[PDB]
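Notes to accompany the following structure.
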Amino acid sequence: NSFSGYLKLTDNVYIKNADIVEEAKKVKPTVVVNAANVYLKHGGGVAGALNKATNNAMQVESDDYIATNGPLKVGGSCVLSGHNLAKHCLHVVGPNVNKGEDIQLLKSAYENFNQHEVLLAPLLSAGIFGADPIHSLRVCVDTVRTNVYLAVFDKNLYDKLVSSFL
Ligand SMILES: O=C(O)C1=C(c2ccc3nccnc3c2)CCC1
């Protein structure tokens, strides 16, 4: 968990402008969080980038998980291998508010982080899921109590989050 160059936002939330894939390779954290969908189909965004970095090993494992256990629910999670990126990958489903999924489930999604002492993660429900990323950072800060290191790819978004917060 050799996190470097993070800005401390609260006693347990840290933020950096970085590619989460590169952070996972440099740090080899105990847990990397995936911004997943209920069928664990890692087609784009952060999910597609993490899967690509494992050379599809994450997708083959995810398919076997779904055949045995069924899909997750919105607001839920499962722990699978982190492959070459981490000891574990915590797959978490935030609501896709553009498909009518309730924004109240974004608190349930962040609650899954509390089963892990330290996590490297993206903001949930940002990008294609449609939630406002600054609102997602506020829910993370209010809900997560363990130590979370957030990676934000886009520098324009990172500066907006740091300005709104501090
Ligand atoms: O900074 C982020 O967590 C966000 C996104 C991201 C991040 C890394 C990605 N890497 C490759 C392709 N697409 C990506 C999208 C999309 C929404 C916010």
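In the structure tokens, each chain is lettered A, B, ... as it comes, each chain's residues begin at 1, and ligands are numbered from 1 in order of appearance.
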Residues within 8 Å of segment 153-155 of chain A, please, as a PDB file with N, CA, C and O atoms, in the first residue's frame. Count only C-alpha atoms; anything in the same chain fewer than 6 positions from it doesn't count.
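Writing done, so here's selection-v5.pdb:
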ATOM      1  N   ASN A  17      -4.569  12.700  -8.613  1.00  0.00           N
ATOM      2  CA  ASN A  17      -4.874  12.747 -10.027  1.00  0.00           C
ATOM      3  C   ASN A  17      -3.977  11.686 -10.616  1.00  0.00           C
ATOM      4  O   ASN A  17      -2.781  11.915 -10.801  1.00  0.00           O
ATOM      5  N   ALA A  18      -4.542  10.529 -10.935  1.00  0.00           N
ATOM      6  CA  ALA A  18      -3.766   9.391 -11.429  1.00  0.00           C
ATOM      7  C   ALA A  18      -4.672   8.406 -12.156  1.00  0.00           C
ATOM      8  O   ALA A  18      -5.880   8.382 -11.901  1.00  0.00           O
ATOM      9  N   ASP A  19      -4.068   7.542 -12.990  1.00  0.00           N
ATOM     10  CA  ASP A  19      -4.747   6.444 -13.690  1.00  0.00           C
ATOM     11  C   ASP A  19      -4.770   5.308 -12.643  1.00  0.00           C
ATOM     12  O   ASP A  19      -3.702   4.858 -12.210  1.00  0.00           O
ATOM     13  N   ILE A  20      -5.968   4.840 -12.229  1.00  0.00           N
ATOM     14  CA  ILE A  20      -6.058   3.773 -11.202  1.00  0.00           C
ATOM     15  C   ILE A  20      -5.270   2.509 -11.598  1.00  0.00           C
ATOM     16  O   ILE A  20      -4.795   1.791 -10.724  1.00  0.00           O
TER      17      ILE A  20
END
Query - Contacts with ligand 1 at most 12 Å, only C-alpha atoms and all ligand atoms counted, listed as an MDAnalysis selection string - result: chainID A and resid 15:23 33:36 42:53 120:134 136:137 149:159 161
Query - Option closest in space to residue 81 of chain A, from A:113, A:65, A:6, A:165 [counting only C-alpha atoms] - result: A:65
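Of note, atom CA of residue 3 of chain A and atom CA of residue 117 of chain A are spaced 14.3 Å apart.
Candidate residues A:164, A:59, A:115, A:84 were compared for distance to residue 138 of chain A, and the nearest is A:164, using only C-alpha atoms.
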Strand (DSSP E) positions in segment 4-46 of chain A, given as a PDB file with N, CA and C atoms, in the first residue's frame:
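In the end it all went to out25.pdb:
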ATOM      1  N   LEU A   7      -3.388  13.778  -1.630  1.00  0.00           N
ATOM      2  CA  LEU A   7      -3.829  14.927  -0.839  1.00  0.00           C
ATOM      3  C   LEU A   7      -4.886  14.381   0.182  1.00  0.00           C
ATOM      4  N   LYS A   8      -4.637  14.561   1.451  1.00  0.00           N
ATOM      5  CA  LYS A   8      -5.560  14.141   2.511  1.00  0.00           C
ATOM      6  C   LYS A   8      -6.778  15.055   2.553  1.00  0.00           C
ATOM      7  N   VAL A  13     -10.022   9.807   4.019  1.00  0.00           N
ATOM      8  CA  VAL A  13     -10.178   9.921   2.533  1.00  0.00           C
ATOM      9  C   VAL A  13      -9.008  10.725   1.940  1.00  0.00           C
ATOM     10  N   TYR A  14      -8.296  10.147   0.947  1.00  0.00           N
ATOM     11  CA  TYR A  14      -7.130  10.703   0.265  1.00  0.00           C
ATOM     12  C   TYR A  14      -7.470  10.756  -1.245  1.00  0.00           C
ATOM     13  N   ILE A  15      -6.925  11.757  -1.982  1.00  0.00           N
ATOM     14  CA  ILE A  15      -7.229  11.847  -3.415  1.00  0.00           C
ATOM     15  C   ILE A  15      -5.957  12.156  -4.222  1.00  0.00           C
ATOM     16  N   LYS A  16      -5.885  11.638  -5.434  1.00  0.00           N
ATOM     17  CA  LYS A  16      -4.760  11.873  -6.340  1.00  0.00           C
ATOM     18  C   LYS A  16      -5.267  11.929  -7.758  1.00  0.00           C
ATOM     19  N   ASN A  17      -4.569  12.700  -8.613  1.00  0.00           N
ATOM     20  CA  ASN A  17      -4.874  12.747 -10.027  1.00  0.00           C
ATOM     21  C   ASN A  17      -3.977  11.686 -10.616  1.00  0.00           C
ATOM     22  N   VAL A  31      -6.398  -4.107  -1.660  1.00  0.00           N
ATOM     23  CA  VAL A  31      -7.687  -4.118  -2.365  1.00  0.00           C
ATOM     24  C   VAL A  31      -7.761  -3.006  -3.381  1.00  0.00           C
ATOM     25  N   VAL A  32      -8.216  -3.339  -4.612  1.00  0.00           N
ATOM     26  CA  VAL A  32      -8.526  -2.359  -5.634  1.00  0.00           C
ATOM     27  C   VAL A  32     -10.034  -2.495  -5.881  1.00  0.00           C
ATOM     28  N   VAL A  33     -10.743  -1.340  -5.908  1.00  0.00           N
ATOM     29  CA  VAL A  33     -12.176  -1.368  -6.142  1.00  0.00           C
ATOM     30  C   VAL A  33     -12.463  -1.204  -7.640  1.00  0.00           C
ATOM     31  N   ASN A  34     -13.389  -2.031  -8.153  1.00  0.00           N
ATOM     32  CA  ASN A  34     -13.899  -1.910  -9.518  1.00  0.00           C
ATOM     33  C   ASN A  34     -15.287  -1.259  -9.510  1.00  0.00           C
ATOM     34  N   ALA A  35     -15.529  -0.307 -10.459  1.00  0.00           N
ATOM     35  CA  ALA A  35     -16.841   0.330 -10.638  1.00  0.00           C
ATOM     36  C   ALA A  35     -17.583  -0.636 -11.586  1.00  0.00           C
TER      37      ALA A  35
END
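Atom pair atom CA of residue 89 of chain A / atom CA of residue 30 of chain A has a distance of 8.5 Å (rounded to one decimal).
Among the candidates A:41, A:160, A:135, A:145, the one nearest to residue 66 of chain A when counting only C-alpha atoms is A:41.
Shell of segment 92-95 of chain A at 8 Å, with only C-alpha atoms counted and residues fewer than 2 places along the chain excluded, is residues 33, 34, 35, 36, 37, 38, 72, 73, 74, 75, 76, 77, 78, 90, 97, 101, 102, 103, 105, 106, 109, 112, 124, 125 and 129 of chain A.
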Keeping only N, CA and C atoms, write the selected residues to a file as a JSON list (two decimals), in the first residue's frame.
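Contents of the output file result.json:
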[["chain", "number", "residue", "atom", "x", "y", "z"],
["A", 33, "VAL", "N", -10.74, -1.34, -5.91],
["A", 33, "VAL", "CA", -12.18, -1.37, -6.14],
["A", 33, "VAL", "C", -12.46, -1.20, -7.64],
["A", 34, "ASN", "N", -13.39, -2.03, -8.15],
["A", 34, "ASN", "CA", -13.90, -1.91, -9.52],
["A", 34, "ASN", "C", -15.29, -1.26, -9.51],
["A", 35, "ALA", "N", -15.53, -0.31, -10.46],
["A", 35, "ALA", "CA", -16.84, 0.33, -10.64],
["A", 35, "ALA", "C", -17.58, -0.64, -11.59],
["A", 36, "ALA", "N", -18.23, -1.65, -11.00],
["A", 36, "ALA", "CA", -18.85, -2.77, -11.70],
["A", 36, "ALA", "C", -20.34, -2.57, -11.99],
["A", 37, "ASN", "N", -20.89, -3.45, -12.89],
["A", 37, "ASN", "CA", -22.30, -3.60, -13.11],
["A", 37, "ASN", "C", -22.76, -4.96, -12.52],
["A", 38, "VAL", "N", -24.09, -5.20, -12.43],
["A", 38, "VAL", "CA", -24.55, -6.38, -11.72],
["A", 38, "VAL", "C", -24.12, -7.69, -12.37],
["A", 72, "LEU", "N", -25.02, -9.56, -8.98],
["A", 72, "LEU", "CA", -25.06, -8.78, -7.76],
["A", 72, "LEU", "C", -26.34, -7.94, -7.79],
["A", 73, "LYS", "N", -26.63, -7.23, -6.70],
["A", 73, "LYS", "CA", -27.71, -6.25, -6.70],
["A", 73, "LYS", "C", -27.06, -4.85, -6.76],
["A", 74, "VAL", "N", -27.80, -3.83, -7.24],
["A", 74, "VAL", "CA", -27.32, -2.44, -7.21],
["A", 74, "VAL", "C", -27.14, -2.05, -5.74],
["A", 75, "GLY", "N", -25.97, -1.51, -5.43],
["A", 75, "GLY", "CA", -25.58, -1.22, -4.05],
["A", 75, "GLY", "C", -24.76, -2.36, -3.42],
["A", 76, "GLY", "N", -24.64, -3.51, -4.11],
["A", 76, "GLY", "CA", -23.88, -4.63, -3.56],
["A", 76, "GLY", "C", -22.46, -4.79, -4.08],
["A", 77, "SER", "N", -21.77, -5.86, -3.61],
["A", 77, "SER", "CA", -20.39, -6.18, -3.99],
["A", 77, "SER", "C", -20.07, -7.66, -3.86],
["A", 78, "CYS", "N", -18.91, -8.05, -4.44],
["A", 78, "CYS", "CA", -18.28, -9.35, -4.21],
["A", 78, "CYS", "C", -16.75, -9.13, -4.24],
["A", 90, "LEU", "N", -12.39, -5.69, -5.14],
["A", 90, "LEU", "CA", -13.74, -5.54, -4.59],
["A", 90, "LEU", "C", -14.61, -4.93, -5.70],
["A", 97, "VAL", "N", -27.89, 6.13, -12.41],
["A", 97, "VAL", "CA", -29.01, 7.05, -12.24],
["A", 97, "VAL", "C", -29.64, 7.46, -13.58],
["A", 101, "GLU", "N", -32.02, 4.20, -11.75],
["A", 101, "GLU", "CA", -31.66, 3.56, -10.51],
["A", 101, "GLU", "C", -31.53, 4.63, -9.42],
["A", 102, "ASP", "N", -32.02, 4.33, -8.24],
["A", 102, "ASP", "CA", -32.11, 5.30, -7.16],
["A", 102, "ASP", "C", -30.77, 5.79, -6.62],
["A", 103, "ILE", "N", -30.62, 7.13, -6.52],
["A", 103, "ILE", "CA", -29.37, 7.70, -5.99],
["A", 103, "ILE", "C", -29.13, 7.34, -4.52],
["A", 105, "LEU", "N", -29.05, 4.50, -3.37],
["A", 105, "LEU", "CA", -28.21, 3.31, -3.37],
["A", 105, "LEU", "C", -26.72, 3.62, -3.45],
["A", 106, "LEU", "N", -26.34, 4.87, -3.70],
["A", 106, "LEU", "CA", -24.93, 5.22, -3.76],
["A", 106, "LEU", "C", -24.34, 5.09, -2.32],
["A", 109, "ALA", "N", -23.70, 1.41, -1.81],
["A", 109, "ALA", "CA", -22.52, 0.99, -2.60],
["A", 109, "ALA", "C", -21.23, 1.34, -1.80],
["A", 112, "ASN", "N", -19.90, -0.91, 1.26],
["A", 112, "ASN", "CA", -19.10, -2.11, 1.03],
["A", 112, "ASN", "C", -17.62, -1.88, 1.30],
["A", 124, "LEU", "N", -17.62, 6.28, -7.26],
["A", 124, "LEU", "CA", -18.67, 5.42, -7.79],
["A", 124, "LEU", "C", -19.75, 6.24, -8.49],
["A", 125, "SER", "N", -20.41, 5.58, -9.43],
["A", 125, "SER", "CA", -21.49, 6.14, -10.22],
["A", 125, "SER", "C", -21.08, 7.37, -11.07],
["A", 129, "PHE", "N", -22.38, 6.02, -15.52],
["A", 129, "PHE", "CA", -23.46, 5.83, -14.56],
["A", 129, "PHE", "C", -24.28, 7.13, -14.33]]
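Going from atom CA of residue 166 of chain A to atom CA of residue 148 of chain A covers 17.2 Å.
Closest to residue 82 of chain A among A:104, A:12, A:62, A:143 is A:62, based on only C-alpha atoms.
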Query raised in the report: Could you pull out the alpha helix (DSSP H) residues of segment 2-154 of chain A from DSSP and send them as a count of residues only?
Result: 48
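Nearest-residue note for residue 64 of chain A: choosing from A:119, A:111, A:1, A:80, the minimum distance belongs to A:80, counting only C-alpha atoms.
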